[PDB]
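Okay, target.cif is below, mmCIF, C-alpha atoms and all ligand atoms:
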```cif
data_data
loop_
_atom_site.label_atom_id
_atom_site.label_comp_id
_atom_site.auth_asym_id
_atom_site.auth_seq_id
_atom_site.Cartn_x
_atom_site.Cartn_y
_atom_site.Cartn_z
CA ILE A 31 -0.11 13.47 -23.42
CA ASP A 32 3.39 12.49 -22.28
CA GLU A 33 3.90 8.71 -22.34
CA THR A 34 5.47 8.35 -18.89
CA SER A 35 2.79 10.60 -17.39
CA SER A 36 0.15 8.46 -19.08
CA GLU A 37 1.73 5.31 -17.65
CA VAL A 38 1.59 6.74 -14.13
CA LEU A 39 -1.95 8.00 -14.71
CA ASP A 40 -2.93 4.49 -15.86
CA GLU A 41 -1.47 2.99 -12.69
CA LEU A 42 -3.23 5.51 -10.47
CA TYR A 43 -6.48 4.53 -12.20
CA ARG A 44 -5.78 0.85 -11.55
CA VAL A 45 -4.89 1.41 -7.89
CA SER A 46 -8.06 3.43 -7.36
CA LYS A 47 -10.24 0.82 -9.13
CA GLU A 48 -8.79 -2.05 -7.12
CA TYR A 49 -8.93 -0.21 -3.81
CA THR A 50 -12.52 1.04 -4.15
CA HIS A 51 -13.84 -1.92 -6.17
CA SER A 52 -15.50 0.66 -8.40
CA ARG A 53 -14.76 1.37 -12.05
CA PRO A 54 -17.12 4.39 -12.02
CA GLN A 55 -15.35 5.88 -8.97
CA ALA A 56 -11.88 5.40 -10.45
CA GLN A 57 -12.98 6.83 -13.80
CA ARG A 58 -14.40 9.86 -11.98
CA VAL A 59 -11.27 10.65 -9.98
CA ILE A 60 -9.05 10.33 -13.06
CA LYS A 61 -11.43 12.46 -15.12
CA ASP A 62 -11.23 15.18 -12.46
CA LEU A 63 -7.44 14.87 -12.29
CA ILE A 64 -7.18 15.38 -16.04
CA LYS A 65 -9.66 18.25 -16.10
CA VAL A 66 -7.84 20.04 -13.28
CA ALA A 67 -4.41 19.59 -14.86
CA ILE A 68 -5.57 21.00 -18.18
CA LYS A 69 -7.42 23.93 -16.62
CA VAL A 70 -4.28 24.88 -14.71
CA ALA A 71 -2.23 24.38 -17.89
CA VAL A 72 -4.46 26.86 -19.72
CA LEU A 73 -4.03 29.45 -16.97
CA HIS A 74 -0.26 29.12 -17.36
CA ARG A 75 -0.48 29.44 -21.15
CA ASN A 76 -2.74 32.49 -21.06
CA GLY A 77 -0.58 34.40 -18.57
CA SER A 78 -3.44 34.56 -16.09
CA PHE A 79 -1.32 34.17 -12.94
CA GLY A 80 0.00 37.19 -11.05
CA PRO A 81 3.45 37.34 -9.43
CA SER A 82 2.39 35.81 -6.10
CA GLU A 83 0.48 33.12 -7.97
CA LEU A 84 3.51 32.26 -10.11
CA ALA A 85 5.50 31.90 -6.87
CA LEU A 86 2.74 29.60 -5.59
CA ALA A 87 3.00 27.47 -8.71
CA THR A 88 6.73 27.12 -8.05
CA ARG A 89 5.97 26.05 -4.49
CA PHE A 90 3.40 23.53 -5.77
CA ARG A 91 5.98 21.91 -8.02
CA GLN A 92 8.48 21.74 -5.16
CA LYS A 93 5.82 20.09 -2.99
CA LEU A 94 4.83 17.66 -5.73
CA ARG A 95 8.47 16.62 -6.16
CA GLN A 96 8.75 16.22 -2.38
CA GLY A 97 5.68 13.99 -2.40
CA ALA A 98 7.15 11.92 -5.24
CA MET A 99 10.54 11.55 -3.57
CA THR A 100 8.91 10.62 -0.26
CA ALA A 101 6.73 8.04 -2.00
CA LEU A 102 9.96 6.62 -3.45
CA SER A 103 11.73 6.66 -0.07
CA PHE A 104 8.86 4.79 1.57
CA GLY A 105 9.19 2.24 -1.22
CA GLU A 106 12.65 1.34 0.14
CA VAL A 107 12.71 -1.78 2.31
CA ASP A 108 15.08 0.19 4.55
CA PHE A 109 12.54 2.84 5.54
CA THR A 110 9.16 2.39 7.20
CA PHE A 111 6.14 3.64 5.29
CA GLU A 112 4.24 6.22 7.36
CA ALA A 113 0.79 6.87 5.83
CA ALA A 114 0.20 10.05 7.82
CA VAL A 115 3.35 11.63 6.37
CA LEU A 116 2.63 10.90 2.72
CA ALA A 117 -1.02 11.91 3.25
CA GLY A 118 0.07 15.15 4.90
CA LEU A 119 2.38 15.96 1.99
CA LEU A 120 -0.36 15.32 -0.56
CA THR A 121 -2.71 17.55 1.45
CA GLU A 122 -0.03 20.28 1.43
CA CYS A 123 -0.01 19.97 -2.37
CA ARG A 124 -3.80 20.17 -2.44
CA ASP A 125 -3.76 23.31 -0.31
CA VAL A 126 -1.11 25.09 -2.40
CA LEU A 127 -3.02 24.28 -5.60
CA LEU A 128 -6.28 25.50 -4.06
CA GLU A 129 -4.60 28.80 -3.19
CA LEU A 130 -3.16 29.05 -6.70
CA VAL A 131 -6.55 28.75 -8.42
CA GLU A 132 -8.72 30.53 -5.83
CA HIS A 133 -9.30 33.51 -8.14
CA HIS A 134 -9.19 31.74 -11.49
CA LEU A 135 -11.27 28.57 -11.33
CA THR A 136 -14.88 27.93 -10.35
CA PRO A 137 -15.95 26.40 -7.01
CA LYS A 138 -16.77 23.27 -9.02
CA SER A 139 -13.14 23.04 -10.13
CA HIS A 140 -12.01 23.59 -6.54
CA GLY A 141 -14.21 20.62 -5.69
CA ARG A 142 -12.47 18.51 -8.33
CA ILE A 143 -9.11 19.38 -6.78
CA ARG A 144 -10.32 18.34 -3.32
CA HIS A 145 -11.82 15.16 -4.77
CA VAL A 146 -8.58 14.08 -6.45
CA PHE A 147 -6.19 14.88 -3.62
CA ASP A 148 -8.50 13.61 -0.87
CA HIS A 149 -8.96 10.35 -2.77
CA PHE A 150 -5.26 9.59 -3.11
CA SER A 151 -4.17 11.03 0.24
CA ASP A 152 -6.60 8.71 2.00
CA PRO A 153 -4.50 6.80 4.54
CA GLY A 154 -6.57 3.70 3.76
CA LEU A 155 -5.67 3.78 0.06
CA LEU A 156 -2.02 4.62 0.71
CA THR A 157 -1.73 1.85 3.27
CA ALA A 158 -3.16 -0.63 0.76
CA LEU A 159 -0.82 0.70 -1.93
CA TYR A 160 2.20 0.06 0.31
CA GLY A 161 0.85 -3.32 1.44
CA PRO A 162 1.31 -6.91 0.18
CA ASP A 163 -1.53 -6.87 -2.38
CA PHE A 164 -0.34 -3.84 -4.35
CA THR A 165 3.32 -4.75 -4.82
CA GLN A 166 3.14 -4.68 -8.62
CA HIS A 167 1.21 -1.40 -8.74
CA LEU A 168 3.63 0.28 -6.34
CA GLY A 169 6.64 -0.84 -8.35
CA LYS A 170 5.18 0.58 -11.54
CA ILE A 171 4.22 3.87 -9.94
CA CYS A 172 7.68 4.19 -8.41
CA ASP A 173 9.31 3.39 -11.76
CA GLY A 174 7.19 6.09 -13.37
CA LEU A 175 7.83 8.66 -10.64
CA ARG A 176 11.58 8.06 -10.83
CA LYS A 177 11.51 8.54 -14.60
CA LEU A 178 9.42 11.73 -14.33
CA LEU A 179 11.83 13.23 -11.80
CA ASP A 180 14.82 12.16 -13.88
CA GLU A 181 13.36 13.82 -16.98
CA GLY A 182 12.25 17.01 -15.22
CA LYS A 183 8.53 16.44 -15.77
CA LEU A 184 7.70 16.98 -12.11
CL CL B 201 -1.13 37.44 -7.64
#
```

Starting from the coordinates I provided, produce the structure as structure tokens.
Amino acid sequence: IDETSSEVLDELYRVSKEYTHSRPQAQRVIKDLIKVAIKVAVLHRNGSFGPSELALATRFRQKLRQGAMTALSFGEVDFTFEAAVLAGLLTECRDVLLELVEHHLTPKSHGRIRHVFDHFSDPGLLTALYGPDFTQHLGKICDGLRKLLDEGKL
């Protein structure tokens, strides 16, 4: 696994664990995240996607970059964090991914996608993340996101 991606994944785990107060819950969401990513990766490697699905994958990446850039913008003291906006963007990502894998992955895998995106798009979690107690976590996530965008890994 890519080192920067691992660093961000680590931070997402830590944010989830601290927000929920549950190691088992955080481990579960990150396990599902990893499973989903790899399953989608395999579909890309095996040439399983049709033309409309490949266009959907392109849209998903655009949306994911938009989410990342918006997360970064809200990190600026200048601009006011709006949880509903970031949550809405993450839900747009969820929905594009769900469409992408509708005909390729099992309903169980669709459930894992909903679990991951619904966990992190939770306005409660995001509000905590952008609040006074999560300053260090947010900085590290933003550093990672900026590096991923810079290196073309999103
Ligand atoms: Cl298709």

Item to check | Given 6 Å and all atoms listed in the file, residues near ligand CL 201 (chain B) as a ChimeraX atom specification | outcome: /A:80-83

Item to check | Interatomic distance (Å, one decimal) between CA of residue 76 in chain A and CA of residue 62 in chain A | outcome: 21.1 Å

Checklist entry - If we count only C-alpha atoms, what is near residue 174 in chain A at a cut-off of 12 Å, once residues fewer than 6 positions away on the same chain are taken out, given as a list in words? => result residues 32, 33, 34, 35, 36, 37, 38, 39, 40, 41, 42, 98, 99, 101, 102, 167, 168, 180, 181, 183 and 184 of chain A

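The protein and nucleic acid residues lying at most 6 Å from range 118-120 of chain A are residues 97, 114 and 151 of chain A, with only C-alpha atoms considered and sequence neighbours fewer than 4 positions away removed.
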
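Distance-wise, CA of residue 66 in chain A and CA of residue 85 in chain A end up 19.0 Å apart.
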
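Between residue 134 in chain A and the candidates A:95, A:58, A:74, A:44, the tightest atom-to-atom separation, counting all atoms listed in the file, involves A:74.
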
Checklist entry - Nearest to residue 130 in chain A among A:89, A:142, A:149, A:65, with distances taken over only C-alpha atoms: which residue is it? => result A:89

Item to check | Gap from CA of residue 126 in chain A to CA of residue 178 in chain A - Å, one decimal | outcome: 20.8 Å
